[PDB]
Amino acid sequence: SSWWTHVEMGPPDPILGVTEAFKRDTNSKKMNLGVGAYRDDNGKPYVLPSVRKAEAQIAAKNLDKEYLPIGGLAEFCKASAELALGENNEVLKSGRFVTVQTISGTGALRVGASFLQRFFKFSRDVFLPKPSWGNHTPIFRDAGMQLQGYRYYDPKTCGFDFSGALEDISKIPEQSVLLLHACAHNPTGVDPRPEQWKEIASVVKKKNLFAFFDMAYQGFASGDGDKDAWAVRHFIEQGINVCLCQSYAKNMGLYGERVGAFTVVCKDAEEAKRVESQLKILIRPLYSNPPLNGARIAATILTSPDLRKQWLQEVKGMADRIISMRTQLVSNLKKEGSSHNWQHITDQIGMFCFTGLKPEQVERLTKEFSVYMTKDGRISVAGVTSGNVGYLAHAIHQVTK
């Protein structure tokens, strides 16, 4: 007597649970360290002025709203590949890549997954770091791939378990897919060092693996676009034919406009044309064609030397404000008398920090102090202000003294 009587209610959203638990809390000193987007020194959302200026120029052009090609705005695709690999990359010069516009980084992930499902005949397995972005798991499963793990986060140190990572990678059957965060690993903030990368690169090429890069933070991570894109470029120069998911949600503040690109580096231009045609064939039955607004903004910024330069410094200020909060947190933890090693909070990169806090300590931070955060010890460094970091260092010490 109904189509949907057996449809069950989903598990609740832990990250949304906390974000609502915070709005309810009435104490004026409450912090939300669960928020998944950049906030300014006052905890407000931040629309980059280069973005505002791009919108101004765009509006002036009085443009139409006609469909994009299936692969999106050609000029955004070219600029985006350029941002990822550097303008004079051997790959761009010979044309041996295809880049399609996607529905932010998630859509690039899903389009990427769907492409492996269909054309990566060698294996069903996708190896994620332990842990990874939560959504990585259902994206690859819903798309029809098998998930696996390799060691990454060393809880003992709150940094990279280089050696476990490496043993694990050497043991991946050949021609399996390996997923890598290009920088600012999410949720932990723990990234390999350049020398560590070269070694993963070595095994990957040795053991004949497929390197799938997720790059959500180029520039936002360290302030330096080239540094943040270094591992990806290094794999390519090593002769590894990567694919790559870019997001402009964070580094341009374009979250809700859903601006992303998926790229596949190929042996040659003719191969890229074959791959391109099949990405179009997968994309059409997902959503036909991608949205105009974000991509017009990002294209306008990237292809204007002035605006590009200005945006690039606006990114540095975001990256910096975050770094500042990391350094200032450790500072005030010392200044408060704490004894344990907090260098991991500043060794980590990007806006997510695995603190080391265990769950009970997390719960006491919520109860006694109104500091909201996931039981895994992850905080949004974007929730920290200069105005509140002091209080936070006090509170963290209390549950940990």
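When you see a residue number, it is the position in the sequence shown, counting from 1.
Check: Between 148 to 156 and 114 to 122, which has the higher average C-alpha B-factor in the PDB entry?
Finding: Comparing averages over the C-alpha atoms only gives 148 to 156.
Between 169 to 177 and 263 to 271, name whichever shows the higher mean Cα B factor according to the PDB entry. It is 169 to 177 that shows the higher mean C-alpha B-factor.
Hey, what third does residue 284 fall into on Cα B-factor, ranked over its chain?
-> Its C-alpha B-factor belongs to the lowest third of this chain's values.
Residue 255: which third of its chain by C-alpha temperature factor? It belongs to the lowest third of the chain when residues are ordered by C-alpha B-factor.
With respect to C-alpha B-factor, does residue 362 fall in the lowest, middle or highest third of the chain as deposited? As the PDB entry reports it, the C-alpha B-factor of residue 362 lands in the highest third of its chain.
Can you work out whether the C-alpha temperature factor of residue 67 puts it in the lowest, middle or highest third of the chain? Answer is lowest: the recorded C-alpha B-factor places it there.
C-alpha B factor of residue 318, ranked within the chain: lowest, middle or highest third? Middle third by C-alpha B-factor.
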